[PDB]
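Visitor: One structure, as structure tokens, below. Some questions next.
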Amino acid sequence: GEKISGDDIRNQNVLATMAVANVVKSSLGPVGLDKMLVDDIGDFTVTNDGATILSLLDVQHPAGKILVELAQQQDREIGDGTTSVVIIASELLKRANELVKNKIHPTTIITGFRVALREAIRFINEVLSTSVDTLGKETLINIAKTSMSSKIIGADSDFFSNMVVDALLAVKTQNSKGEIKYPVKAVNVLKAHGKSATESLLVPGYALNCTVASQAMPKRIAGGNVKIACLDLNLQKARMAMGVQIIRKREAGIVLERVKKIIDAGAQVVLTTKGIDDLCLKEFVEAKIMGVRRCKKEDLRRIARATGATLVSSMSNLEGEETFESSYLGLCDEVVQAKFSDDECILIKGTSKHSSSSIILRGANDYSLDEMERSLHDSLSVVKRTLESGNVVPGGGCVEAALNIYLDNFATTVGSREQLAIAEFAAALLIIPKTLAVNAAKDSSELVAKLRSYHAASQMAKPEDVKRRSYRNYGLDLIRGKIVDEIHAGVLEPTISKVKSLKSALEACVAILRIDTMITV
Amino acid sequence: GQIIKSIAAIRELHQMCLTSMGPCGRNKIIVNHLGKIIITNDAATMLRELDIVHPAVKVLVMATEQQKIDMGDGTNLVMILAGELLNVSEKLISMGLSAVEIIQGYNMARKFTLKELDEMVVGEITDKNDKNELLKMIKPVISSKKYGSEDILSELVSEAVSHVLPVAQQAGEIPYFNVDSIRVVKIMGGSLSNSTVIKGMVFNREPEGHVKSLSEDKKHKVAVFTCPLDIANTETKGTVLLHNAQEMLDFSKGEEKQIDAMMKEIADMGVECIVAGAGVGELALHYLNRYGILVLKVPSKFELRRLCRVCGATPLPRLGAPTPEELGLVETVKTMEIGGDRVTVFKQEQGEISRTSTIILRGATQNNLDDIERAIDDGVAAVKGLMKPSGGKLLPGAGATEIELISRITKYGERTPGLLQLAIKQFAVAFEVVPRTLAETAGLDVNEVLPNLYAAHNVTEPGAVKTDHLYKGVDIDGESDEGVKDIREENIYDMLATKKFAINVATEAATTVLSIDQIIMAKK
Amino acid sequence: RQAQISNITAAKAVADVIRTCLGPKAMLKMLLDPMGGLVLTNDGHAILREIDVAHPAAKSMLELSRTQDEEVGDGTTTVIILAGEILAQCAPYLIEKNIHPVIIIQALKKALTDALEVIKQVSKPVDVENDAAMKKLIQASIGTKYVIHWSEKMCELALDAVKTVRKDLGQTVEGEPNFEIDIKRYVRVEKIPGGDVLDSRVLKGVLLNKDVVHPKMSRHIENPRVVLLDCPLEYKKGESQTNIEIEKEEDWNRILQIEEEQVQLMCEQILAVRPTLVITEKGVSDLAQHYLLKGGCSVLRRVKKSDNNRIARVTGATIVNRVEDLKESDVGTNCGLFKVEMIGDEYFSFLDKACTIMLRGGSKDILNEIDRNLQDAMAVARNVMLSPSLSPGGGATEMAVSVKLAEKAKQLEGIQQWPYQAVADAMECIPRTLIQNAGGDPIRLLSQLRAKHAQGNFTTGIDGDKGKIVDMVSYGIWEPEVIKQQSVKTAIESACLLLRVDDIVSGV
């Protein structure tokens, strides 16, 4: 087969990654646009995700196939930031090929990257910070505001974000040995027609949508302490089957014993999925026990975790029949019922351990609330993924721009032919904010230049532990076309996503520069 | 579709002129077949040094030369505007609109524009001819040509104009300022700060004599002799020959006493300067050293014309007849070293006011030396435009004129019913090339400066009377800025005589191209 | 920049060819197939499907015509031409002027909202409850067709067909239901040969051709109860391997007893609620006929699965697989008419916003032309119920947007002002295209019509028959607004997607 070597193979590596970078150049960031992939069959597809494009991307080249496995590595683990990794690795190959005329050895270029990579992680760890600015400022509020800007709820999202952030803030619990991991599904959202859309009030606790059936029962009882009994088995008279055409005292005598185990256990709250008959309801009036008919199966499973109870499958277990008193009864403070417009709900507060809450969204009609509830879960998805990792870093180019200036003076402390490789490695990070402003119609030359001017004076007074007008974390907002902090702007990214994206980007760049020969039969 | 390709042929030369107008403009080096390199920033001069292939290009070249001959300024405004009228007319051809109504639409829009030029006049030039008053007219002429020299060359040009102009007011019958009154000379060495203003012609050659300069006496007599210095002989043939050595003593001593006799009568009349247009013999320079007469030789007949209008001298067809009536008078003449070399200049004091002046330029750059020489000539014709035909009226420049006309033309578009509305709307859009050219060549973003220019001349004011600032033009920036700035701060204005004349020429230029649907050529 | 030019020329090349397919004066077209046949019709929907395209932008324009053709009957070529002209007017702005494409895309989103507000002001109110007025609105899609002889009967038949599926309900409590009208599934028709067109009525329900399975049974039931089920009633078999070998002579009676018990046990599951009717999706054996005869219920077999979904609208019975899982909530109570009386020598059944329209005519070939003609006629009447407003036809609505857009864009003073002028020029090409097909001067008739909007109203369009500027309202030319809303919205949305692709990736 043919065998090549010399400067010809080094030029093919730059031309190979140039066409690949142009595919992910316009797809960078949320401002990116969709693209179509046309095969020999004639079919195509429409997607805005650059990760799925690289999977079906057909490129024949030894260095080009390396980026294919690199794109799949970030998708199977982080699943985000694959587009930014290809852009970084593309500029590193273009600047390394220019050093050939300068008689720079490739191993020194590789060694200069490995030394700078370990030292860059230490500098990033210095500017990392947990969630702050909770008092006096607002951070998580602007996250849901930008995500809802494409919906009608975005106009009222300012008042709605205050109820969502305060709720989710307390949902965190130790989990297993202080994990503090937020659940993926929580805070069940209801709907009501009461007043207007802006009149929705936050309920600090669990809220169940149901009625009291007969109103002869008191709506407020057991203020000091109350026990909630979760029973999937109904209290109604048990029949044979819906398909059996039709003993009296036998079927009627079973439900009488099931209620006897209730009033004797001291449970003021009884939940029945299939409802309560009229005979069993009379006994609850004298005992002031509040019954609920037609409970939802998916609601009671979450009540057991919020109230500390346990779902009861059946009372026929073993040879005995009873409700297992005090075993399934949880600790609660008071269950109060407030009169609501249209459908009425039930308020349960002061349980043993809950830490969660329920957001009841009231509006004009259910047609708009159905779109607001689905959009709230999509906006909550961005919030719960950011708060899942306690170590976060501001994005929008704050990582690449702040590190560019730091490596300028730090490259002198190393030297020995490795300073030129560090300077080219730092300057290669300016391509991320550059190409990002292309899809935003903003000028990429002015934004990247003016961003370096603000970060210049930011690191001058940083080691002195004193500052006056100098602030850090200067970001780039392409929506309003102005330079603001990404912490207040609502753009936040985890640290794990940034560390693994930068480390894996250099791993593929080393294997490309080490190939001086291409042998193909 | 050659009418469409004819615009593309001009479009190739259109971008050449787009890089000319504005401070980004640059000279073009052209090497002639004779081994001579002509370098000038002016685009009208370059058209004569370029080989034209398509005959349709010469139509715009002939219209460009008209701007340089009469008003002398605005050649870039005529060529660029005429090229844009073809681009806006190309869309009407594809739309299906006939070129006949397109020509008729420009004639109606031209008459509406000329009537609005009288209402756009801000200030009026009093024609005071003051050194500070001439700084407002000369500044925009030097601007958009050479950067950094606008402050230094402003005082040099304005000072030479006031020297050749007499003291008069409100009189336009007798013309005074000509186009030959300002001559530009160059010398190696020096800088622009050391340059001075001379009230008369400057001679960079050597006096060719032992007398460096004359005295301080008042009213020095200067005589111009076209006949060369030699013994008087027969006009037909008359070659001096020596047959024998006996006649050598008579012919040698005969020419010495004959020349000395003529120089004695000239010195007795008070003539301290002799101008000989032809060669000077060897024995003639010996007698002029003792009499103290400055030796001057001007072989070029073009320089003798401007000299007779200053001192009053007259060329004499003969030699030895110092008629005192035709002699010239100069107050003071001195020989000083300017630029590193000693040269004999020509100046005055009070009387015999010179009608021609010369500015001496100095610099260490050879390329910028010839560029300023061609740039001053463009400023000479600016003074000529101060005469009766709308010399005092002026309009704001820096792209503020073309943008302001957009609101007035579109207002008359819906007022005139019929098919003429298509040509009127495209006539105002064609003026957007001037602000876009200055903004694109300056590196400014089109999405930034251009929308601010439309909002500068168009605002919502709760009232019938205009207010705020209508003087905001196009800014070149180069450092930083927010929005635009007022042009009245830098006092950059355009004369009405230059702008009004450029409209009629540019209108007839694009009219000829659109009217020609067929071109016949033949190989030579 | 070459990729942006290829995206514009791909969609415009398809739109420039179909320019002659717009209007009643649309000129015929001829395509060359490899076979000796050819397409003589001028319908744009049939021509675009037979055209082979290369660049993928033309493929996206074909999928848009398929969706637009399902919503409304006509106006398919209007959306494609309008979406192609926007890219043509924005071609010099995107390339020569070097304008960022998202700026153009963002400006088209702002101009889409302003374009809908202008059409609502030009539109005039119309009464949707008038039966005589709805017949004239449909008549535009009736005349100049084979149904012109039945046009008097077709206007009455198409009126009751629309009135059957539509229901007027509104309030601020649950929101605006928008009447929930679907032509495909709910208005789906079944052509039955024979009968009469005038006598043809629209029955609400599902119509089946299966009669009673018993010779003597009551043909009228006071309160019949429809019950739906999946598993048929018959002798079943084991799910695993079953070996049945009969040797002794007395072993034959064992299978006969089991066969009678398996059928009886399946009927006891239905008799729990004691329904008045029994309907089985699959067939029913003759053994179950005598068991359910004493229970006072009729057996109905051979029922399609697609028809069971529409039965739940007139009944409420939920589809249940196992017979033991049948709920008692599935009763068919409050059924209007049980009459099984035969009509047109075919046994029918009466189950009466979901139904199956029974079509009757002189023959099958007559009903075939009525099929596509009735569906296109109901699309115009459906647009009338979506809002009580009508728009002027002949291009008057297209000109009304361009006039108000140029005047409003001058007061915004922003970067989006330039592409607004390109949109106004694209809005004027739709009526101008009809002018080129009307023989009139496209230069003169365009400037004279635009000047009349500043003086007169916006309802003045162009007539195809005459060819001179005339009023649409006085001469009886009207078009629904829903088509105008779907033509502007879908064309702008499709034009933005074509500018979002700056590179064509080749690969699988």
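Here's how to read the names in the structure tokens: chain A, B, ... by the order shown, residue numbers from 1 in each chain, ligand numbers from 1 in the order shown.
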Please find the residues of chain A near chain B - the criterion being any atom within 10 Å, counting only C-alpha atoms - and write them as a list in words.
Guide: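 The contacting residues on chain A are residues 441, 442 and 443 of chain A.
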Visitor: Report as number ranges by chain all protein, DNA and RNA residues lying within 9 Å of stretch 107-113 of chain B, evaluated on only C-alpha atoms, omitting residues in the same chain fewer than 6 positions from it.
Guide: B: 405, 408-409, 412, 420, 423-424, 427, 503-504, 507
Visitor: Could you write out that same residue set with N, CA and C atoms as a short mmCIF file (atom, residue, chain, number, x, y, z; two decimals), in the first residue's frame?
Guide:
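That gives us part_6.cif:
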data_model
loop_
_atom_site.label_atom_id
_atom_site.label_comp_id
_atom_site.auth_asym_id
_atom_site.auth_seq_id
_atom_site.Cartn_x
_atom_site.Cartn_y
_atom_site.Cartn_z
N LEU B 405 -31.60 63.92 2.45
CA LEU B 405 -32.44 63.95 1.26
C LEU B 405 -33.38 62.75 1.17
N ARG B 408 -36.94 63.73 2.42
CA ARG B 408 -37.64 64.68 1.57
C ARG B 408 -38.08 64.07 0.25
N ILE B 409 -37.28 63.15 -0.31
CA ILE B 409 -37.63 62.56 -1.59
C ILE B 409 -38.77 61.56 -1.44
N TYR B 412 -42.22 63.16 -1.37
CA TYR B 412 -42.77 63.52 -2.67
C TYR B 412 -43.07 62.31 -3.54
N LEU B 420 -44.30 56.91 -11.93
CA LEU B 420 -43.07 57.58 -11.52
C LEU B 420 -42.67 57.27 -10.09
N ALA B 423 -39.35 55.07 -9.72
CA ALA B 423 -38.05 55.72 -9.91
C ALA B 423 -37.73 56.70 -8.79
N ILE B 424 -38.76 57.30 -8.17
CA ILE B 424 -38.51 58.25 -7.09
C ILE B 424 -38.01 57.54 -5.84
N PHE B 427 -34.51 56.48 -6.31
CA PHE B 427 -33.60 57.62 -6.39
C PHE B 427 -33.08 58.02 -5.02
N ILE B 503 -24.78 67.12 -9.00
CA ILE B 503 -26.04 66.39 -9.18
C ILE B 503 -26.42 66.33 -10.66
N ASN B 504 -26.31 67.46 -11.36
CA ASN B 504 -26.69 67.49 -12.77
C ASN B 504 -25.75 66.66 -13.63
N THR B 507 -26.51 62.91 -12.90
CA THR B 507 -27.80 62.51 -13.44
C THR B 507 -27.70 62.20 -14.93
#
Visitor: Compute the set of chain C residues within 8 Å of chain B, using only C-alpha atoms, and express it as a ChimeraX atom specification.
Guide: /C:99,413-415,442-444,447-448,451
Visitor: Could you list, as a ChimeraX atom specification, the residues of chain A having an atom within 9 Å of chain C when counting only C-alpha atoms?
Guide: /A:22-23,26,32-44,53,56-59,193,241-246,364-368,438-441
Visitor: Could you pull out the helix (DSSP H, G or I) residues of stretch 101-236 of chain A, going by DSSP on the backbone, and write them as a ChimeraX atom specification?
Guide: /A:106-127,141-147,153-171,197-199
Visitor: What would the file look like if the residues just selected were written as a compact mmCIF listing (two decimals), in the first residue's frame with N, CA and C atoms?
Guide:
# COMPACT_ATOMS: atom_id res chain seq x y z
N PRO A 106 7.42 18.25 18.52
CA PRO A 106 6.04 17.92 18.92
C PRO A 106 5.91 17.39 20.34
N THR A 107 6.92 16.67 20.85
CA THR A 107 6.85 16.18 22.22
C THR A 107 6.85 17.34 23.21
N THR A 108 7.66 18.37 22.94
CA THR A 108 7.64 19.57 23.79
C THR A 108 6.27 20.23 23.75
N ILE A 109 5.60 20.21 22.59
CA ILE A 109 4.24 20.72 22.50
C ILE A 109 3.30 19.87 23.34
N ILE A 110 3.48 18.55 23.31
CA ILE A 110 2.64 17.66 24.10
C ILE A 110 2.97 17.79 25.58
N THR A 111 4.26 17.82 25.92
CA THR A 111 4.67 17.97 27.31
C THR A 111 4.22 19.32 27.87
N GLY A 112 4.27 20.36 27.04
CA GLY A 112 3.80 21.67 27.48
C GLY A 112 2.32 21.70 27.78
N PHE A 113 1.54 20.86 27.10
CA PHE A 113 0.10 20.79 27.37
C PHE A 113 -0.19 20.00 28.63
N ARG A 114 0.56 18.93 28.89
CA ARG A 114 0.32 18.12 30.07
C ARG A 114 0.67 18.88 31.35
N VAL A 115 1.75 19.66 31.31
CA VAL A 115 2.13 20.45 32.48
C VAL A 115 1.12 21.57 32.70
N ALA A 116 0.66 22.20 31.62
CA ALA A 116 -0.31 23.28 31.75
C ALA A 116 -1.69 22.76 32.13
N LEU A 117 -2.01 21.52 31.77
CA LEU A 117 -3.32 20.97 32.10
C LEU A 117 -3.45 20.72 33.59
N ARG A 118 -2.41 20.17 34.22
CA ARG A 118 -2.47 19.92 35.66
C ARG A 118 -2.46 21.22 36.46
N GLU A 119 -1.76 22.24 35.97
CA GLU A 119 -1.72 23.52 36.67
C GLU A 119 -2.98 24.34 36.44
N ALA A 120 -3.68 24.11 35.32
CA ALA A 120 -4.92 24.84 35.07
C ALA A 120 -6.04 24.36 35.98
N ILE A 121 -6.05 23.07 36.33
CA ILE A 121 -7.08 22.54 37.22
C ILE A 121 -6.96 23.18 38.60
N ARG A 122 -5.73 23.41 39.06
CA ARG A 122 -5.53 24.06 40.35
C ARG A 122 -6.03 25.50 40.34
N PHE A 123 -5.85 26.20 39.21
CA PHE A 123 -6.33 27.57 39.12
C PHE A 123 -7.85 27.63 39.03
N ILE A 124 -8.46 26.64 38.37
CA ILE A 124 -9.91 26.60 38.28
C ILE A 124 -10.52 26.33 39.65
N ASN A 125 -9.89 25.45 40.44
CA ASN A 125 -10.40 25.12 41.76
C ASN A 125 -10.36 26.31 42.72
N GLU A 126 -9.57 27.34 42.41
CA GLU A 126 -9.50 28.50 43.28
C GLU A 126 -10.70 29.42 43.12
N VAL A 127 -11.27 29.50 41.91
CA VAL A 127 -12.41 30.38 41.66
C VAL A 127 -13.74 29.66 41.79
N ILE A 141 -33.50 32.55 40.21
CA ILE A 141 -34.71 33.15 39.65
C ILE A 141 -34.56 33.36 38.15
N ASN A 142 -33.41 33.89 37.72
CA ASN A 142 -33.21 34.20 36.31
C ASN A 142 -33.02 32.96 35.44
N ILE A 143 -32.85 31.78 36.04
CA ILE A 143 -32.71 30.57 35.24
C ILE A 143 -34.04 30.18 34.61
N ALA A 144 -35.10 30.15 35.42
CA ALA A 144 -36.42 29.82 34.91
C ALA A 144 -37.03 30.95 34.09
N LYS A 145 -36.52 32.18 34.24
CA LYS A 145 -37.06 33.30 33.48
C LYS A 145 -36.65 33.22 32.01
N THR A 146 -35.40 32.85 31.74
CA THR A 146 -34.94 32.76 30.36
C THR A 146 -35.49 31.53 29.66
N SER A 147 -35.75 30.45 30.41
CA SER A 147 -36.28 29.24 29.80
C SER A 147 -37.76 29.38 29.45
N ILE A 153 -46.08 31.99 30.12
CA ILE A 153 -45.74 31.99 31.54
C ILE A 153 -44.51 32.84 31.83
N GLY A 154 -43.67 33.10 30.82
CA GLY A 154 -42.47 33.89 31.04
C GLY A 154 -42.75 35.30 31.51
N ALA A 155 -43.92 35.84 31.16
CA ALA A 155 -44.28 37.17 31.64
C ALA A 155 -44.54 37.17 33.14
N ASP A 156 -45.24 36.15 33.63
CA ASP A 156 -45.52 36.00 35.06
C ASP A 156 -44.49 35.13 35.77
N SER A 157 -43.44 34.68 35.07
CA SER A 157 -42.44 33.81 35.68
C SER A 157 -41.66 34.50 36.79
N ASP A 158 -41.69 35.83 36.85
CA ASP A 158 -40.99 36.54 37.92
C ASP A 158 -41.59 36.22 39.28
N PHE A 159 -42.93 36.21 39.37
CA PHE A 159 -43.59 35.87 40.62
C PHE A 159 -43.61 34.36 40.86
N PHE A 160 -43.58 33.57 39.79
CA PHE A 160 -43.63 32.11 39.93
C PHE A 160 -42.28 31.53 40.35
N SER A 161 -41.18 32.19 39.98
CA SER A 161 -39.86 31.66 40.31
C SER A 161 -39.57 31.72 41.80
N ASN A 162 -40.16 32.69 42.51
CA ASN A 162 -39.93 32.79 43.95
C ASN A 162 -40.51 31.60 44.70
N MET A 163 -41.62 31.05 44.22
CA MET A 163 -42.23 29.90 44.87
C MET A 163 -41.52 28.60 44.54
N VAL A 164 -40.91 28.51 43.36
CA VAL A 164 -40.23 27.28 42.95
C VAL A 164 -38.87 27.16 43.62
N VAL A 165 -38.13 28.26 43.71
CA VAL A 165 -36.78 28.20 44.28
C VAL A 165 -36.84 27.93 45.77
N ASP A 166 -37.75 28.60 46.49
CA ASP A 166 -37.86 28.39 47.93
C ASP A 166 -38.29 26.96 48.24
N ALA A 167 -39.23 26.42 47.45
CA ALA A 167 -39.64 25.03 47.61
C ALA A 167 -38.45 24.09 47.44
N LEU A 168 -37.85 24.08 46.25
CA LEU A 168 -36.76 23.15 45.94
C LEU A 168 -35.56 23.34 46.86
N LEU A 169 -35.38 24.52 47.45
CA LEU A 169 -34.22 24.76 48.30
C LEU A 169 -34.22 23.84 49.51
N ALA A 170 -35.39 23.58 50.09
CA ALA A 170 -35.50 22.74 51.27
C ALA A 170 -35.69 21.27 50.95
N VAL A 171 -35.86 20.91 49.67
CA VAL A 171 -36.09 19.52 49.31
C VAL A 171 -34.84 18.68 49.57
N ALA A 197 -54.00 34.33 37.27
CA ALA A 197 -52.78 33.53 37.22
C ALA A 197 -51.73 34.04 38.19
N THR A 198 -51.73 35.35 38.48
CA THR A 198 -50.74 35.94 39.36
C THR A 198 -51.09 35.81 40.84
N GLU A 199 -52.24 35.23 41.16
CA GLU A 199 -52.68 35.09 42.55
C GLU A 199 -52.28 33.76 43.18
Visitor: May I ask for the distance between atom CA of residue B:128 and atom CA of residue B:161, given in Å to one decimal place?
Guide: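 Going from atom CA of residue B:128 over to atom CA of residue B:161, I get 11.8 Å.
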Visitor: Extract, using only C-alpha atoms, all DNA, RNA and protein residues at most 8 Å from residue C:276, discarding same-chain residues fewer than 2 positions from it, and format them as a PyMOL selection string.
Guide: chain C and resi 223-226+274+278+296-298
Visitor: Kindly save the residues from that selection, with N, CA, C and O atoms included, as a PDB file, in the first residue's frame.
Guide:
ATOM      1  N   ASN C 223     -84.739   1.285  25.448  1.00  0.00           N
ATOM      2  CA  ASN C 223     -83.443   1.791  25.896  1.00  0.00           C
ATOM      3  C   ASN C 223     -82.391   0.726  25.601  1.00  0.00           C
ATOM      4  O   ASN C 223     -82.013  -0.051  26.490  1.00  0.00           O
ATOM      5  N   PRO C 224     -81.895   0.661  24.367  1.00  0.00           N
ATOM      6  CA  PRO C 224     -80.844  -0.309  24.052  1.00  0.00           C
ATOM      7  C   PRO C 224     -79.504   0.112  24.637  1.00  0.00           C
ATOM      8  O   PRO C 224     -79.184   1.299  24.732  1.00  0.00           O
ATOM      9  N   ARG C 225     -78.718  -0.887  25.034  1.00  0.00           N
ATOM     10  CA  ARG C 225     -77.418  -0.672  25.664  1.00  0.00           C
ATOM     11  C   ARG C 225     -76.338  -1.313  24.801  1.00  0.00           C
ATOM     12  O   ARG C 225     -76.288  -2.540  24.669  1.00  0.00           O
ATOM     13  N   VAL C 226     -75.476  -0.483  24.224  1.00  0.00           N
ATOM     14  CA  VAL C 226     -74.382  -0.964  23.387  1.00  0.00           C
ATOM     15  C   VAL C 226     -73.212  -1.364  24.277  1.00  0.00           C
ATOM     16  O   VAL C 226     -72.782  -0.594  25.144  1.00  0.00           O
ATOM     17  N   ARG C 274     -76.472  -7.579  32.670  1.00  0.00           N
ATOM     18  CA  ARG C 274     -77.677  -7.869  31.900  1.00  0.00           C
ATOM     19  C   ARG C 274     -77.902  -6.807  30.830  1.00  0.00           C
ATOM     20  O   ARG C 274     -78.857  -6.024  30.922  1.00  0.00           O
ATOM     21  N   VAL C 278     -75.572  -7.218  22.642  1.00  0.00           N
ATOM     22  CA  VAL C 278     -74.256  -7.843  22.710  1.00  0.00           C
ATOM     23  C   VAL C 278     -73.588  -7.671  21.355  1.00  0.00           C
ATOM     24  O   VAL C 278     -74.085  -8.184  20.345  1.00  0.00           O
ATOM     25  N   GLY C 296     -82.594 -11.551  26.635  1.00  0.00           N
ATOM     26  CA  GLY C 296     -83.116 -10.318  26.080  1.00  0.00           C
ATOM     27  C   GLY C 296     -82.041  -9.411  25.519  1.00  0.00           C
ATOM     28  O   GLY C 296     -82.001  -8.217  25.830  1.00  0.00           O
ATOM     29  N   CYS C 297     -81.160  -9.966  24.688  1.00  0.00           N
ATOM     30  CA  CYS C 297     -80.083  -9.196  24.087  1.00  0.00           C
ATOM     31  C   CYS C 297     -79.795  -9.741  22.696  1.00  0.00           C
ATOM     32  O   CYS C 297     -79.884 -10.949  22.463  1.00  0.00           O
ATOM     33  N   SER C 298     -79.449  -8.841  21.779  1.00  0.00           N
ATOM     34  CA  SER C 298     -79.146  -9.210  20.404  1.00  0.00           C
ATOM     35  C   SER C 298     -77.646  -9.403  20.227  1.00  0.00           C
ATOM     36  O   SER C 298     -76.841  -8.677  20.817  1.00  0.00           O
TER      37      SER C 298
END
Visitor: So that I can check the surroundings of stretch 330-342 of chain A, please list as a PyMOL selection string every protein, DNA and RNA residue that reaches within 9 Å of it, counting only C-alpha atoms and ignoring chain neighbours fewer than 3 positions away.
Guide: chain A and resi 192-195+219-229+269+304+307-310+326-327+345-353
